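# Remarks on the overall topology
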Amino acid sequence: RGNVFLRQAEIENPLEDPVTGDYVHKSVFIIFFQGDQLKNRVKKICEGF
Amino acid sequence: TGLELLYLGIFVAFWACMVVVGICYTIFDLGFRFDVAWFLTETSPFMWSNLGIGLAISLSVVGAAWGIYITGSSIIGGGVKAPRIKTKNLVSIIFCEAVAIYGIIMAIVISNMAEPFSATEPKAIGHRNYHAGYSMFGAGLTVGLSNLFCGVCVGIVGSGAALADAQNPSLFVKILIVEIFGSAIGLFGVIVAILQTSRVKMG
Amino acid sequence: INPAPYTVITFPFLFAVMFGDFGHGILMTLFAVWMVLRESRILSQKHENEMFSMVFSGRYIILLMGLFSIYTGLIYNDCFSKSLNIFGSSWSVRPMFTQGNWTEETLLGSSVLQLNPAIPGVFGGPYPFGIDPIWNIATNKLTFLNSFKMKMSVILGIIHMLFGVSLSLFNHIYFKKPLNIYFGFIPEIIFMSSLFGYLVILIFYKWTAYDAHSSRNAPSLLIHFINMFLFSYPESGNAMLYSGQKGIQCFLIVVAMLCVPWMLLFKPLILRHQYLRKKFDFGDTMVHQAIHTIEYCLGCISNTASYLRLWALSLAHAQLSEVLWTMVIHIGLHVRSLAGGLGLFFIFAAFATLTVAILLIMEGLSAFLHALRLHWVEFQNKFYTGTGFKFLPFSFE
Amino acid sequence: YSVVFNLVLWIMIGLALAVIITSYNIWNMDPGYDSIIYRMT
Amino acid sequence: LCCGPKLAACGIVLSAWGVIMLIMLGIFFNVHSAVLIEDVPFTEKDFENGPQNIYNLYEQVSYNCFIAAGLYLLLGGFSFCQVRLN
Amino acid sequence: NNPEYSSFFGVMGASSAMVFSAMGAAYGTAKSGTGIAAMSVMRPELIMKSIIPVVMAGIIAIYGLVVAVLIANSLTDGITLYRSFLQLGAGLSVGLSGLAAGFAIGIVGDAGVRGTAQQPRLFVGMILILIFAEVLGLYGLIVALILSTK
Amino acid sequence: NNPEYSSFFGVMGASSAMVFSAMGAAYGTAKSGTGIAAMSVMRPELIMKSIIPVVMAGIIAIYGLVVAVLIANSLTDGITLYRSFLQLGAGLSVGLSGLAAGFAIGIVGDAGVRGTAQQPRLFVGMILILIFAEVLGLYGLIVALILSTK
Amino acid sequence: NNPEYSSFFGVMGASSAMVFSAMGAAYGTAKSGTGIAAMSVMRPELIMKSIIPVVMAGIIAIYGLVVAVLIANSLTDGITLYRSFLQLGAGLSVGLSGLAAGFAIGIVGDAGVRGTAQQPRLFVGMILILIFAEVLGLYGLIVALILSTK
Amino acid sequence: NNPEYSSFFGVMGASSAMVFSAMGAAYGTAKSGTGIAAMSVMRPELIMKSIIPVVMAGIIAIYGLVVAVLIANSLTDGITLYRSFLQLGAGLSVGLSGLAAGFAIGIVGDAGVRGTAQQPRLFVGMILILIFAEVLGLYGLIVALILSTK
Amino acid sequence: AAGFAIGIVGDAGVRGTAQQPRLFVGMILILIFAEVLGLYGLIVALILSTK
Amino acid sequence: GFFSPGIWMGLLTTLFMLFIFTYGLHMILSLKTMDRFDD
Amino acid sequence: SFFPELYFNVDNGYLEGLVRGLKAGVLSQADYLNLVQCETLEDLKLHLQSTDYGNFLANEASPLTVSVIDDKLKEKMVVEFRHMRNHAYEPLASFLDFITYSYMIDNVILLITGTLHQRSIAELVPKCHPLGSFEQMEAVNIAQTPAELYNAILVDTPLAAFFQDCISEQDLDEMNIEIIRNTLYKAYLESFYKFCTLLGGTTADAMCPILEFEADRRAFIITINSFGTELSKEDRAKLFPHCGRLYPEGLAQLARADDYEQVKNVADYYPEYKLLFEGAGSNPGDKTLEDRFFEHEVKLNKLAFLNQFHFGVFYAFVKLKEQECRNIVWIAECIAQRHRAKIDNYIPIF
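Residues numbered from 1 in each chain as written, not as in the entry; some residues may be left out. Chains lettered and ligands numbered in written order. Part of a larger assembly, values for the part shown. Heavy atoms only, no water.

### Quick notes on the overall build of chain B
From N to C terminus, chain B includes 9 helices and 0 strands. Relative to the globule expectation of 17 Å for 203 residues, the C-alpha radius of gyration of chain B, 23 Å, shows a markedly less compact shape. Once the C-alpha set of chain B is aligned to its principal axes, its extents read approximately 70 × 45 × 20 Å. Per-residue burial for chain B yields a buried fraction of 60% across its 203 residues. Expressed as a percentage of contacts within chain B between residues at least 6 apart in sequence, the contacts between residues at least 24 apart total 88%. (Helix = DSSP H or I, 4+ residues; strand = E, 2+ residues; numbered from the N terminus. Rg over C-alpha atoms; globule rule 2.2 N^0.38 Å. Buried < 20%, exposed > 50% of the residue type's maximum accessible area, 1.4 Å probe, protein only. Contact = heavy atoms within 4.5 Å.)

### Looking at the overall build of chain F
Each helix and strand in chain F was counted, giving 4 helices and 0 strands. When the helices and strands of chain F are placed in sequence order, the string is α-α-α-α. Relative to the compact-globule value of 15 Å for 150 residues, chain F shows a C-alpha radius of gyration of 19 Å, a clear excess of over 25%. Of all 150 residues assigned to chain F, the portion counted as buried reaches 65%. For chain F, contacts bridging at least 24 residues in sequence account for 84% of all contacts bridging at least 6. In the structure as shown, chain F presents an accessible area of about 4900 Å², 71% of it carried by carbon and sulfur atoms. If you average the places of the 7 positive and of the 5 negative side-chain charges in chain F, the two averages end up 15 Å apart. (Areas by Shrake-Rupley, 256 points an atom, 1.4 Å probe, with all protein chains shown as cover. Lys, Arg positive; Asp, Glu negative; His and termini not counted. Charge placed at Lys NZ, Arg CZ, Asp CG, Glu CD.)

### A few points about the UniProt feature "transmembrane region" in chain B
Residues and elements named next belong to chain B. Look at the UniProt record and you will see "transmembrane region" annotated at residues 3-23, 51-71, 90-110, 137-157 and 175-195. When the span residues 90-110 is considered, its composition is 95% helix and 0% strand, and the gap between its end C-alpha atoms is 31 Å. Taken end to end, residues 175-195 is 95% helix and 0% strand, and its two terminal C-alpha atoms sit 33 Å from one another. (UniProt positions renumbered as here; feature names shortened; annotations may be inferred.)

### Here we look at a nonpolar patch on the surface
Taken together, the side chains of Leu8(B), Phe11(B), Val12(B), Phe14(B), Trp15(B), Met18(B), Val19(B), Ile23(B), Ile27(B) and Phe28(B) present a nonpolar region at the surface, about 1100 Å² in accessible area. Along the chain, the position of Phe28(B) falls in the loop between α1 (2-27) and α2 (36-42). (Patch = residues over 30% accessible without salt bridge, like charges linked within 9 Å, V, L, I, M, F, W, Y side chains within 5 Å. Salt bridge = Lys/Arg side-chain N within 4 Å of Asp/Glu carboxyl O.)

### Concerning the interface of chain H and chain I
Between chain H and chain I, the residue contacts involve 37 residues of the former and 36 residues of the latter. Roughly 3300 Å² of surface becomes buried between chain H and chain I when both sides are summed, with 79% attributable to carbon and sulfur atoms. For the interface between chain H and chain I, the tally reads 0 salt bridges. Looking at the side of chain H that touches chain I, the elements that each hand over two or more residues are α1 (7-40), α2 (47-50) and α3 (52-68) of chain H. In terms of residue count, the dominant contributor to the side of chain H that touches chain I is α1(H) (18 residues). Residues that form the side of chain H that touches chain I fall into these classes: 27 nonpolar, 8 polar and 2 charged. (Buried area = accessible area lost by both parts, 1.4 Å probe. Nonpolar A, V, L, I, M, F, W, Y, C, P; charged D, E, K, R; others polar.)

### Let's talk about the packing of aromatic side chains
Residues and elements named next belong to chain C. On inspection of all chains with the given rule, the structure shows 82 aromatic pairs over all chains. Measuring from ring centre to ring centre gives 5.5 Å for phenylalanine 163 and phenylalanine 379, while their planes differ by 40 degrees; the resulting arrangement is tilted. Overall, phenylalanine 379 belongs to the buried group, its relative accessible area being 3%. The residue whose ring lies beneath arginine 272 is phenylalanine 282, and the NZ or CZ to ring-centre distance is 3.8 Å. (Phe/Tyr/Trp six-rings, centres within 6.5 Å; stacked < 30°, edge-to-face > 60°. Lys NZ or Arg CZ within 6 Å of the ring centre and 35° of its normal.)

### Some thoughts on the pairing of strand β1 (residues 5-10) of chain A
Looking down a regular strand, the side chains alternate between one sheet face and the other. All names here are of chain A. With 0 of 6 residues buried, β1 lies mostly on the surface of the structure. Here 6 bridges tie β1 to strand β4 (residues 27-32), and the two strands are oriented antiparallel to one another. In the strand pairing of β4, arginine 7 is matched with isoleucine 30. (Pairing = 2+ DSSP bridges.)

### Considering the layout of surface pockets
Considering only enclosed or pocket space, the second largest pocket measures out at about 2200 Å³ in volume. Around the second largest pocket, the lining is made up of 44 residues, and of these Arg1(A), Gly2(A), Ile45(A), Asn151(L) and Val155(L) lie nearest the centre. Only β1, β4 and α1 (36-48) of chain A together with α8 (146-154) of chain L provide two or more residues apiece to the lining of the second largest pocket. The dominant element in the lining of the second largest pocket, judged by the number of residues it contributes, is α1(A), at 6 residues. The class makeup of the residues in the lining of the second largest pocket is 23 nonpolar, 10 polar and 11 charged. (1 Å grid on protein atoms, 1.4 Å probe; cavity = no way out; pocket = protein on both sides within 12 Å on 5 of 7 lines; lining within 4 Å. Points joined across faces, edges and corners; volume = space filled by probe spheres on them.)

### Examining empty space enclosed by the protein
Put simply, the largest cavity is a space of about 180 Å³. Looking at the lining of the largest cavity, the elements that each hand over two or more residues are α7 (127-165) of chain B, α1 (6-39) of chain F together with α2 (9-23) of chain L. Taken together, the residues of the lining of the largest cavity sort by class into 7 nonpolar, 5 polar and 2 charged. As for the second largest cavity, its lining consists of 15 residues, of which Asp110(H), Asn9(L), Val10(L), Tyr14(L) and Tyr89(L) are closest to the centre. Taken together, the elements giving at least two residues each to the lining of the second largest cavity come down to α4 (81-116) of chain H together with α2 of chain L. The element that contributes the greatest number of residues to the lining of the second largest cavity is α2(L), accounting for 7 residues. The class makeup of the residues in the lining of the second largest cavity is 6 nonpolar, 5 polar and 4 charged.

### Quick look at the arrangement of the chains
There are 22 pairs of chains in contact here; the most contacts are made by chains H and I. At the level of C-alpha atoms, the two units chain A and chain G stay apart, their nearest approach being 51 Å.

### Points about the relation of the copies chain H and chain I
Relative to chain I, chain H is turned by 35 degrees and slid 0.1 Å along the rotation axis, the superposed coordinates differing by an RMSD of 0.9 Å. Looking at the interface residues of chain H, only 3% of them are also at the interface in chain I, so each copy uses its own face. (Least-squares fit on C-alpha atoms.)

### Thoughts on unusual backbone geometry
Residue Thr41(D) is not a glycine yet carries a positive backbone phi of 60 degrees. Residue placement: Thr41(D) occurs in the segment after α1 (2-27). With phi around 55 degrees, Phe350(L) is a residue other than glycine that occupies positive phi space. Inspection of the secondary structure puts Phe350(L) in the segment after α16 (313-336).

### What about the state of the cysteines?
All told, the structure shown has 0 disulfides over all chains when counted by the stated rule. As a non-bridged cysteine, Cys297(C) has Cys300(C) as the owner of its nearest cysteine sulfur, 6.9 Å distant. According to the relative accessible area criterion, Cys297(C) is buried, its value standing at 18%. The thiol of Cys81(E) is not disulfide-bonded; the next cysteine sulfur, from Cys2(E), is found 11 Å away. A relative accessible area of 47% means that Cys81(E) is categorised as partly exposed. (Disulfide = S-S within 2.5 Å.)

### Structural notes on the UniProt feature "transmembrane region" in chain F
In the numbering used here, UniProt assigns the "transmembrane region" feature to residues 6-28, 51-71, 88-109 and 127-147 of chain F. Overall, residues 51-71 of chain F shows 100% helix and 0% strand. The separation of its end C-alpha atoms is 32 Å.

### So, the packing of α1(H) against α3(H)
Residue and element names in this part refer to chain H. Where α1 meets α3, the axes come as close as 8 Å, and the angle between the chain directions of the two elements is 175 degrees. Classified by the interaxial angle, the pair formed by α1 and α3 is roughly antiparallel. The segment α1 lies against α3, with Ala17, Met18, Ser21, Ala25, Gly28, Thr29 and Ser32 engaging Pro53, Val54, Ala57, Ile60, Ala61, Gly64, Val67 and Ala68. Of the residues assigned to the contact of α1 with α3, the class counts are 10 nonpolar, 5 polar and no charged. (Axes fitted to C-alpha atoms, helices over the stretch in contact; angles between N-to-C directions. Parallel < 35°, antiparallel > 145°, perpendicular 65-115°, else oblique.)

### Describing the packing of helix α13 (residues 309-327) of chain C against helix α15 (residues 362-379) of chain C
Residues and elements named next belong to chain C. The geometry of α13 relative to α15 is characterised by a closest axis approach of 11 Å and an angle of 175 degrees between their N-to-C directions. Of the possible angle classes, the one that applies to α13 and α15 is roughly antiparallel. The segment α13 lies against α15, with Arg309, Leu313 and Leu320 engaging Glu363, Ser366, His370, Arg373 and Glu378. Its residues placed into classes, the contact of α13 with α15 shows 2 nonpolar, 2 polar and 4 charged.

### Here's the deal with the pattern of salt bridges
Pairing is possible between side chains that carry opposite charge, provided their charged atoms lie close to one another. For the coordinates displayed, the defined rule picks out 25 salt bridges over all chains. A salt bridge links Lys88(B) to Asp165(B); the shortest N-O distance between them is 3.3 Å. In this pair, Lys88(B) is assigned in helix α4 (residues 85-88) and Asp165(B) in helix α7, connecting sequence segments 77 residues apart. The class of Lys88(B) is partly exposed, set by a relative accessible area of 32%. Classification of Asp165(B) as buried rests on a relative accessible area of 0%. Each of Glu97(B), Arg309(C), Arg373(C) and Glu378(C) takes part in a single network of salt bridges with overlapping partners.

### Examining the nonpolar core
By size, the foremost hydrophobic cluster in this structure holds 257 residues, and its most contacted members are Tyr134(B), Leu147(F), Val67(H), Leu138(H), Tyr139(H) and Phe103(I). Apart from the residues within four sequence positions on either side, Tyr134(B) is in contact with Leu40(B), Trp48(B), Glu4(F), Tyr5(F), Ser7(F), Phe8(F) and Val11(F). Within the second largest apolar cluster, 90 residues are counted, among which are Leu15(L), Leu149(L), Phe213(L) and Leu254(L). (Core = buried A, V, L, I, M, F, W, Y, C linked by side-chain atoms within 4.5 Å.)

Below is the structure:
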């Protein structure tokens, strides 16, 4: 609900897939929170991602 | 649909204008300015002839294309799991082009009898040229429309037969009966277009 | 009846009728020579171009196709859309034309066309080989070319079909099928003959009969054929082509009518009689016989009409070649004393690329496939059952 | 006058049809239905 | 090396075709003296006096064919040289 | 003398007579063929029977001929306006009657093929309905004759 | 002296009496046909009792035919244009009334034939609605005759 | 004798003769392009073969030009109405035939391009049907030519 | 003797060439643009490698503008109606051909820009497909140059 | 045309201002041009009444 | 002049062309594409 | 001169040809007759190699078990469906998305019941159908109140279009999940019926009876199975669909039922369900009612295929294909256990 903040960073070289071997792209993110219940909610979301 | 609404609006406006104009003119005792004789005597016979000539090939080609696509799409799609149907089901395409062949032959036949004249007023041209122009226009129109509807029906049944043949080999050889019965109406159209202009002596 | 021995030649012939040009034929035969002579190295070589593999499959196809293309380029007197005046013209002689009140007109010649007539006394005459070159420059060439090409196409198509049915007669006689010869081949060949061999013979009669002075009221064959179909005899409007046409024409109509019922009732009934003698769905046999007879009778007109593809594509090819000549290299010739060859080098390079791209490989493909279709349907279905198995040997890879 | 009537009539019909079509299309317009629109409450 | 053989073979056949066709067209102009059937193109808006101007102009036109042939032959030689770069 | 535009009306009538008949016959034949093709997968033994609808549609095409020929034979250079009106009326009547009958046969056949595919006892019933559609077309023919040879 | 072109209108009247009415009767069978496609697949025994809408459509066609024949028969050369307009009005009247009757008959027959599959008593209701749905054509025919004979 | 309205019809014929063919070829190329985009991802190796439908559509353009200059090589100030309408008829014929051929080429090209991606053997068959599509243009050209001389 | 209204028709050519021309250059320059956005998110490297369709659309706009400016430069007040017809025909041909070319380049670009992101090879194919549409535009120009000189 | 533009941009700005107040400024700037689409027109019409 | 002698012919021809151009435009406008992409 | 006859093929001919080609790949009755004669799973594998279901098990499955066959068959199904969807145009894409929303609802309900069984978190992933998967499928675990579920689902899954307003609560439990299921299902069915009747033509004719029967079957099931619940009769009235022919019945007779005989009396006035119930003896020695429901569904789906311009033959195809998958896996399971009690209880499709 917009009470938290986030920032993103990008990588160029593709990272290999250990199981199949296909190349896929990724990105890095950093979130600043204000509570632990939100940490658990975004932990569930990040388990989804 | 916006396009259908546009067409309906144009059509309704046109017919409302026609109705209102007709009623006020008839009530206004102005029937002497509606002289259809001038309308159908100023027009040159060659315009009627050439419109007929154009249509007699144009509409046939339109029907041929319609049937070509309608059967070809199904023929190509349905053969992925049965390549055997590529060559067995080529009769429909052959008929879809035979329609255009008939159209071209009719265009050649009617294209004759185009000797100019020198008269420039209705009293000098005479009845014969008027008859020639009207008859040629009518023949072109009828052959074109007949071959159009013929080609559409041929294409539809060709698609049906081609699609059904991929299930069992012993189907197509008997489902082609409707396919052959399709072409008879186009043949009739050609015959009538022949007969309508069998007594024109323009020149 | 194996159709390869005849097809191997009648296929490039029909192609060459569809593709009758000299230079393009020479290019095709040169490609054929290249591909034939280098066969050993290319065969022992890996190539990524599958198109080239299927091109290479048809070696002698392309060779014979190019040979007959060269021939038919020579016979039309077509060579890159221009005739080759080899051993003389016989049409235009202006010094002789001055006899027939032909002088001073060319002052108005700057804005008129001044038709040339036939036979002011020494004109006409047959060129011993091909089309007279003057026709290539005549502005009304299209009329005579259309007439000649349409007639040649129709005549070629009728003999192809009679060939088909006569070949079928061999197919049936070997298999010991007296019924098929007696109530099969005979009515169909008689129908084909009576309906179109008459047209062939009439075309040749008109060719060898009417001279130039009879240009007034020259009879028209197409209207006579419409009256052949519609049985209409107006008292006037078209003079008889030859005396006594009425009786022969009427008998032709009556035999054409009498052809159809012979193929419908007699042979299913004889099959029924044989089955009765044995002691067979009769209605299904009647349905099959009606299907066969109607198919043949309508395919008659449909195939004779579809043989016009020869004329159509030949005329289109001639028009396309002339169009290329008209607005690609025509600009290349001009008055510039120095820049002629320089610009013409670029222009002819472009001409070569464009005539390779369009008429060489493509119109050749269209004619190739059209002739293949004419072989598959109009020719093959009259003697070729088109059913059975194909060998599957036990050989490994 | 019999020519000016036709000329003005056809020009007027064309211009009227054009404005009608364009305004009609600009009315039935898809804003996108993004997180601003679809979302409510 | 430069102008690899892959296109140089096509270039060589093109140059041979150009040389042959241009030479033959020029010879057809000169030998037949530009018969109107085989030679429509020209540049003269006034010829009513006699044919000598027409013949001279058509010879002038046909002259350029051999220059074109020479350029095509030089192109073919250049392509052949590039083929030898192996 | 007569006006010079008399033959135009008869010409248009003769054209329309075959145009409309052809459109109706085409629609009926197309729908009957589609029905037969759809049905053929499940009941291969009924293929002959379901051809009865399509041939029915074909008959309407023939009706068109019986009008369009008859006008073209009776047309000449200087006919009067009365006969031209008569021929136009006959042609339009038969053409549109044939069109409507064609639509009727098409719909009825498309349904009846399915009915006989799923239920044999249906078949003969639907045959009756098809005849009724044909009746309408024939009525058109009658009117045209009374408006043609008169 | 009555003009000659006046006859044209009269001829067109006959055309309507066989065109418009016919189209109505087309619907009057066609929809009913697809209704049967849903009825007899589970309840075939009632097929013989389900022909009534088709007979009503045939009756509409009969009305159209009788009025068209009557209009065409009375036609002559020397007509006052008032007679021609009277005939045109009668023909248009009967044609459009028959169109309405055919539409109503078709829809009612379709609804009733689909509905009878779960009510054995729907027969009387279908008949008693159908009488009203068909009386329209009779009224149009009555007035068409009273106009034409006058 | 001939009014100033004459060359109107010939000029419009010349314009339309090419405009319609251009539109048809454009639609064919568009449909084939989207079909190629769909086909590409799984089977790249066929790309240089699947150009065959596209070039085919392009043919139509050239055909229009064969007439679009030709009629333009005969127009002059002193031309009668007869020749003008002859030019008009030729132009309409070629233009509409080109339009129809373009539609057909586009559709069958898309279908075959999609088909070959999962069955290479289909390739041959595709080209065969496409031949017919090209012929649709060819006939439309031919008549136009013989309408420019007579 | 020349009618006053004659110049009108030529003036409309001065509009028409441009009027449809820009429309084609609004069909493509927009649509292909969306394509180059759809994968600037993921593979921004190919942003400038498939912008060709937009440049071509600009080129068809130039094709229209050339004929427009020549049309305007060949203007007068006592123009004979024949030259007026020629001028309007040239304008119409160029305008409509340009509209079609713009359509084709636009849709093909919107497809190919998306196709290139799944495999690189498709790029080569599109350098042909797009150019084929461009050929149509060039063709229009040629006919205009015959209608402004003969 | 100007009325239409104001209507659509007003819908956009109205539903966008519910999220964050900083969309108050930018949208109104758009609105200025969306009204100028009308203003221009008035000017020329006055000239057509001046003569 | 009711309308004129000639513009009747002109209008007939131009309307006839207009119908065909509308045929062309209906199918040129209502072409369709694909969504997303095959893997 | 109507929609399906003259421009159906331009955007659908190839895909319809492919679907009708793949229809023949469905196993036939003789295939069942010979497949029920296997001795071990390897024989089943081989007899599938001999037919169109061959060359999909080339893995190193030495310890072959029926779960592997189930997984591979489902994988084949999703592959063919994704193929059919990706090559489609836009109205057909709307149709196929409308189809897949059902499995998406199924996955949503599965994860909602999984949240109650907190002990399992990741294991739910292999249990969910990949056909009904979407971008935010696994996020459903986050919610603990139905308003939070609407917040999660409003985001980018169009499933919210069926319950954005239709759910009003703030106390998720294990009893209201059935209410969520029924509300979502009835909303989806109503939207699908409305869209199908908006499309018009033969598509409406083909898809109206099927959804009608689907709504009526849901009504019958919910009426029978609602016994012994905290819900009141008015709430049972609230959940009935209005797309069937039971629209007056939904409040008139079913909404006041008290026993099974009353439901039978409701069914008695419609032959289609009356024969279905009479044939469903529900005895230990006879098939249950669910079996007759499945058989009637199969029969109607098989009927649905026969239509040349069927814009929605994909519904029948996917339902039949799921049913073949179920038949095959069930027969394999019976064979693996070395018993022949219920081998001859397979519904005979094609």
